[PDB]
Structure formats: structure tokens, C-alpha cells
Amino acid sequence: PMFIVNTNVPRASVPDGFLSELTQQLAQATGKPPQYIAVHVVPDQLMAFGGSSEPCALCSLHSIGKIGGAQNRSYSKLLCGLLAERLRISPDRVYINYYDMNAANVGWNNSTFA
């Protein structure tokens, strides 16, 4: 799986260890091997949520399977929790787009997962 967070929070406010924490927490939530998990954090962005530039985040989680109604609610609680605790972003100023990818549409190591 791949998790991306884009935020207007400045780089200095992203605490040490954040990428590792995301990796560990996502491995456990998705059930996928930790070696599979990619994480990407993009601070200092020019963004607004509801017209306001108070701290906010726009995120995505791509996975081959492990995406669905109940699973996505669980991921959102986990991820909003982390963004609130670590980046001080209110959960109501976070969007997360979930993508269930077909194995044939994910390239890795010169080939695909298909």
C-alpha cells in the first residue's frame, strides 16, 4: 500500500519519526507486510479546506484489496488520529481518498503484481 499526506503544516512541525510511525501503523491496519508499505508526507503546502487555511490535510491510501466500507472507516479513525496527535490537524479538516487497485495496475520491480 501507499499513503500520501499533503498539508499546509510547516516542515518543522512534522515530528521526528512520523514516516516510521505511519509505516508501522499502516502495516498493522492493512495487514500488509511492512516491506510493502510506502509513505509520503508533503508539508508547507498552499491549500484551503472550506475556504480556510487553518491546518488541514489531503491524503490518499492506495492498496491492492483491503479497501471497503468498514475497513476505510477504521483507516480514517487511525489516520485522522495520527494527524491530530502529531500534526495538530483537526479530524474535520482531513480528507482521505481510498483506492482499491487492481494488481495489474500496480508496477513494481520491473513488472506488475498481476
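Note that residue numbering follows the sequence shown and begins at 1.
- Averaged over their C-alpha atoms, the temperature factors of 30 to 38 and 50 to 58 are higher for 30 to 38.
- For the two regions 103 to 111 and 1 to 9, the entry's Cα B-factors average higher over 103 to 111.
- Residue 14: CA B factor lies in the highest third for its chain, per the PDB record.
- Among all modelled residues in its chain, residue 70 ranks in the highest third by Cα B-factor.
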